[PDB]
Ligand SMILES: [Zn+2]
Ligand SMILES: [Zn+2]
Ligand SMILES: [Zn+2]
Ligand SMILES: [Zn+2]
Ligand SMILES: [Zn+2]
Ligand SMILES: [Zn+2]
Ligand SMILES: [Zn+2]
Ligand SMILES: [Zn+2]
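Residue numbers (the entry's author numbering), protein chains in the order written: chain A, 2 to 459; chain B, 2 to 459; chain B', 2 to 459; chain A', 2 to 459. A prime marks a further copy of an entry chain.
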């Protein structure tokens, strides 16, 4: 059993000093003097905050790339998540047009199975819609996966055409599934990439211009129109800039059931990072690209008002040696920045401690809303009797810095090297079991489990 | 002591089956199968929801009109509120330019003292800014009133000119006060009023065109600009229409600390009700006016996304005989529609039961966010250990209709006559004491207390 | 030679009383009291306006539908045009995906050759992009056709997918060609069509909801984004509604070289006309559909400010018997409304005589700007020495009504039956030769010539 | 008499090679071989363009400032205008709240009378609306002044309050008068000025922050609302930035009869100029302030599409010694930048020659539209038989630079020092009389006359 005593409990809709007792995997009682039994593991949260475990709706653990693979395993990625206060992650399951979807699902599941320190689930990529698709997706959804992922990008590999998007969305609606979507334009990006390379513009600084804000804005609007016409519910992944936010907001305002995620690098990093030349720039190549810094205030301001629903990472780690596969052409740089371990600390620090983000909006944006949208609430995402005992005792007196020298992610650079932090998770629990204590990793191999969900969005 | 057992507890961020025990005035413990001392008021909430007491941030109880007065007293109004599931109301304290501000506040405070069945507080109207009034306002703030009310309307009686508005906002920011604001344009309303009357256009149907959406849009944008330049935090009361929403939203999007209230008649009633002729139309005269029905969808959609932060009533009850003071000129009709008792049932029915509003957004919009914004949280607005035991056991199986024949508000008409509802409160408590039991009123005279709040917005 | 004396000359940028003399085909001199050789056709324009011949940038003359054809020939259509004050028309040359593009152009050219009473040119439809067609298009351009037409609609028959659209735009930019575009969404229209029919919703009233404003908005935004990325110049044909206007306007505001056409039925007719049932409704079926009447004000207001650049017709005449090919399914109704003869009188009446449209904006929107955009200026579109002596002596004192009983278009209904008009052409000339005299047709068969234009938009 | 032969005549709606003959003050004939009489002054325009005389709708000649006066007289200012190709200017007649309006009008008229080299007129400032105003304004308007000027700025000196603005606009509408307006906010600017000075922020770099874009956007929207409510027609002077353009465009789109002027410094200069320190910065202090450079593309793009109707200068010259009156406080820097002589050359060069502005839009924006809006067309603003023979023979082969060393404005600095030009006026005529020949000044003292106009906008 677990007793977290003397802490200040903070959720999206509560802030109070009381103790929390969990007999086993779920919270059993909250109050004063709980009378825990002999043998209970007791955590003294005096002077600290007790938050719901944080939830990252957007990560990449297993991911092939051209001739290689991203760096985290389920083991290394879940450890890194927990150290950062993230107790549930949702991975993009990404079979390509060339792969069988159901085989893909099964392959991802097999990688994670028994190998995660914390709970997890998947969004299912629909990278084509052919005569076999519907039956396979129906099997995946009935297996507990209540979200799809589509790409309006990556022509012939992940992108879906308008007919396929229509079919996907109509099936999602019939199934109650939420459609997450990467919103660019496959044709425009591919053509601009090719034109730029044909002019000898090969370095990393041409990535951003190959897929400018206008392209993300067109795809975000297109997705919204297709949700509106089909009746499906959707979720825009990694929204990066003002034109896209305007398109998604206009859809929200007119009644489209559309939600918005932004990811941490777009709040804190900007397009000049990718203008640094060489491998230093390649570290900062992701899609959508880092943008003009003017977009940061726009995202922060929108987050503070709840216009942006969730904050994820689009965690996608590669070693510098892998980055350098793009030395001759920017199109060959594996895209991604790592961030799974640093999301909470970065949001707390630059939002709550130094910014204008309210602590309640912070909990909602980094835990609760994502749980709600993806069918993990109320098991996950809050602090209440009956919910999973996934808890973070957070130290607001902690001062430090982020660095690759102290990170757990299985690569060789940190995207926030040298950034100051104003707090950290002291203790982190997964279903009543302590996985981080005094800031140190003490997780149990395979303790995490796949979360199966019931579709909600008919 | 109080024990609410076997209910499904629903807050803005939680949903679970457990019991709640309050030894006295505040929640003491939450857990499954709690024990309570003999003699405890045990409430069996099987099959029902348990919500935080709802909170109406915008009512009028005492309010002079010519040589009469709005109809509810603190006693009638607070009883009505409770019957409807509202356990805290915030009343607009409204001395005019021709009244002394401190004498007005003391008069309002004197009316409520010992006469409310539930807790309450005030927003202080600033109907002029000058040396005496400023000193007055400073003492009112120190007495725990942490919000002001200004009017961009009602020239020479309640409205403030630009200099007054700037001075008011600056003072609010000095004092950490949030400014609530009625946003029209005092000049344009008065000129259109006078023009229409000059044309013999005297009937109630001319009230809306005397103050069209354009004027609300301008006032809302003006207020936002003033908040933006002064640094003050503000709250748009009773936002009724799309052009006003667009103005407020643009301000939110660019970082102004501005929040949005809408009131229940603007969700459910439309301008044609005020076109019915005679006293029947007069029943539906309020400011801002009921609008073209197209605005309802706009408001519901914005509410579902959290763009609108709170739902209040602008409760302002008059008898039909008093409405008829305006028989000869629409400008002489006492403005207002009653709604304090019906808000929660209406929002629950048309939003949650029949609409697209999520139950969690419902709780946030009808209780929690108002508590947060006005300094009542966490005492009010949520269910957590330590919070005032202001609770509603709500029956989602109730079916019925609203009628003047069954209302508690002390006037002779209901604006929502005949409207179906899909739920009602069964039990309602105030600080651990049951005020409504099995749908019957059992409140204790004067049990409610004035809530004093601390400055939050420096 | 021709002498038009004593008229009030009105162009987009001039308004004066003087005479115009043309020795032959072109304006030779302008001045007060000009002398002309004996035998001159002297036209006394006292009391009347003299305008540049009007120019319709969007008509259909030859157009197959199933095993029939739209009703006007080049002879009937050009006569109708002239009677209405239109001295140049631009016809959409529309071979389908299943037709050879060059054979289509040669067929269209062959239909018009020697059969037009006034000058004319074409926009070339690109209904597919592939190696053969591209070569074809290049020869058509070289023959003087400096505009293309694409369709974001009509899947598999006329529409282009994204790759085709990008290739088309890129070719246009290479060749200095302007792309005109019908902006809907081919997927969404086809799916909604099929869904509605599956529900037994077969009548004409289901045509509008099969292709709602949302779909036009999406296509207009998509086209704009494609122009923006390709560098091509473009022109939105028949823009019908506010959300489409907003998309096109946002593109204009951010610098895209995009222009906007609206057509006369969308100014004056609304969706309820297509809700009349039966053949009566079928008369009013066109694409994009007639819209909610709220859009009329939007279009008039935008026209008065020059936000809409040109007014055309989308003239596309069918007999009622042909409309009835759609008796069993709205998808089988031949789309189109006639208007070539009535455009100018309608715009003049409802805009200038009765509305808020300035006479100078009228001339620009109905003649000059179309000439500019399509490479016909300064030969066409204005009154100046050197310009083709294509002139309209317009009687602003005429009062009458439009009727099928008096029309020249070769079908059996007028969409504007009974509409009042407040002016008509008295005299109309084509290259110095009078075609309409005292309101009577006196044109010379085959006098009109194909206009060849030079590339302008590299 | 005057004959301009061999030129390429370019107006907003014509481009052709022909000759122009004027017997006296107006164009008499246009054609080839005009047969001018003995004694005619002949201008050989071979290889050059012939444009309508350009028109500056916004200048300051006589203008008091705190204890001094702007530098141009009617003599020096009109000479400078003509050298730059501007043959008509419209001066802001600016009596303050402390002055009698009719006395002001009379004073301005007396300064100009007999002292201008070219034609001119005034906009009448309405700096208060009291019991004498209406009669005085009615006398001014009946004297030929068909435009007013109002200020939403300069509290207690030029600014009008909402009641005064309402009265002004309603009288304008009754009279058919167009209301030009400086759109900021008097309260916000004054309060921010004072706050900044109170913090020791005194240098010129604090001017822009004292009246940021948001304030211009609020005033532009307010003005638009008041035009919409009163029914008056308006014209936004010197619109400088995107937020303001958005407000004015939204009003245009919804049907408000509102027009937009921008002035040349806001196309070509930016806020960093005023950050240079010292008198160098003070040279670039005007109101509205130079803005972030991002606004330039926004204005150019809007101009190219006709969203911005006119280009003026807000010519307002002061010597550097006068600028230095603001050495201790930025509020004491006389505001203004000179530009009357350089407007055309700057627009031609950076718009037509090096930019994307079409030559027709250039003529419209710099001549024709302003003539139309202010009742000077068709006497002024175009090239047609009967119009005043105000003509510019412009040399497109001229290459040079702008400098104070070669300027005619009666001050000691040029705001475009060192800017390259790609053309210049070779010959300029006023009502048939040559005022500039071979680029040299040959004007006749007092040849210019006051233009009286008939109101148009009821
Ligand atoms: Zn992605
Ligand atoms: Zn991703
Ligand atoms: Zn109010
Ligand atoms: Zn109120
Ligand atoms: Zn079409
Ligand atoms: Zn067409
Ligand atoms: Zn000004
Ligand atoms: Zn000025």
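In this text, a Cβ means the ideal position worked out from N, Cα and C, and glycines have one as well.
Practice task
In angstroms with no decimal places, state the Cα-to-Cα distance between residue 303/A' and residue 281/B.
Solution key: 51 Å
Exercise for the section: Starting from the C-beta of residue 22/A, find all residues in its chain whose C-beta is less than 6 Å away, skip the five residues before and the five after it, and write them out in chain order. Expected result: 4, 29, 30, 35 and 37
Handout entry: Identity of the residue in 102/A', 274/A' and 164/A' nearest residue 294/A' by Cα
Key = 274/A'
Handout entry: Three-state class that DSSP yields for residue 395/B' in the structure shown
Key = strand
Exercise for the section: Starting from the beta carbon of residue 164/A', find every residue of chain B whose beta carbon is closer than 8 Å, and list them in chain order. Expected result: 188
Handout entry: Terminal residues of the beta strand (DSSP E) in which residue 7/B' lies
Key = 3-12
Handout entry: Touch test, the stretch 356-368 of chain A' against the stretch 320-330 of chain A', Cβ-Cβ under 8 Å, three pairs minimum
Key = no
Exercise for the section: Return the residue from the list 152/B', 159/B' and 234/B' that minimises the CA-CA distance to residue 217/B'. Expected result: 152/B'
Problem - Chain-order list of residues whose beta-carbon lies under 6 Å from that of residue 421/A' (same chain, five-residue window excluded) - result: 402
Exercise for the section: Take residue 255/A' as the anchor and find which of 272/B', 308/B', 119/B' and 256/B' has the nearest alpha-carbon. Expected result: 308/B'
Exercise for the section: Keeping to the same chain, check which residues put their C-beta closer than 7 Å to that of residue 13/B; ignore five residues upstream and five downstream. Expected result: 361, 364, 365 and 369
Problem - the stretch 10-32 of chain B': positions lying closer than 7 Å to chain A' by Cβ - result: 12, 13, 14, 15, 16, 17, 18, 19, 29, 30, 31 and 32
Handout entry: Any C-beta of chain B under 9 Å from that of residue 285/A'
Key = no
Problem - Three-state secondary structure (DSSP) of residue 92/B' - result: strand
Practice task
Tell me residue 149/B''s beta-bridge partners as DSSP assigns them.
Solution key: 125/B' and 180/B'
Practice task
Give the range of the beta strand (DSSP E) segment to which residue 236/B' is assigned.
Solution key: 235-237
Handout entry: Nonlocal neighbours in the same chain, by C-beta distance under 6 Å from residue 399/B', ignoring five residues either side
Key = 424 and 425
Exercise for the section: Look at residue 454/A and residue 147/A and say whether their C-beta atoms are less than 9 Å apart. Expected result: yes
Practice task
Starting from the N-terminal side, write out each stretch of the beta strand (DSSP E) that is 3 residues or longer and does not extend beyond the stretch 264-350 of chain A.
Solution key: 311-313
Problem - Interface flag, residue 52/A' vs chain B', CB-CB below 9 Å - result: no
Handout entry: As assigned by DSSP and simplified to three states, the class of residue 454/A
Key = coil
Problem - Backbone secondary structure at residue 15/B' - three-state DSSP - result: strand
Exercise for the section: Compare the C-beta of residue 369/A against all C-beta atoms of chain B and say whether one is closer than 9 Å. Expected result: yes
Problem - Own chain, CB closer than 7 Å to residue 253/B, minus 5 neighbours either side, in chain order - result: 259
Exercise for the section: Take residue 345/B' and list the residues in its own chain whose beta-carbon comes closer than 7 Å to its own, dropping the five residues that flank it on each side. Expected result: 55, 85, 86, 87 and 367
Practice task
Using 8 Å as the cut-off, classify the Cβ of residue 267/B as near or not near the heavy atoms of ligand 3, replying yes or no.
Solution key: no
Problem - Three-way DSSP call (helix, strand, coil) for residue 421/A' in this model - result: strand
Exercise for the section: With DSSP as the reference, label residue 243/A' as helix, strand or coil. Expected result: helix
Handout entry: Selected residue, minimal CA-CA separation from residue 143/B, among 161/B, 382/B and 177/B
Key = 177/B
Exercise for the section: Please classify residue 139/A': does DSSP put it in a helix, a strand, or coil? Expected result: helix
Exercise for the section: May I ask you to list, following chain order, the residues of the stretch 117-151 of chain B that have a beta carbon less than 7 Å from some beta carbon of chain A? Expected result: none
Problem - Rounded straight-line distance, which links the Cα of residue 66/A' to that of residue 283/A' - result: 15 Å
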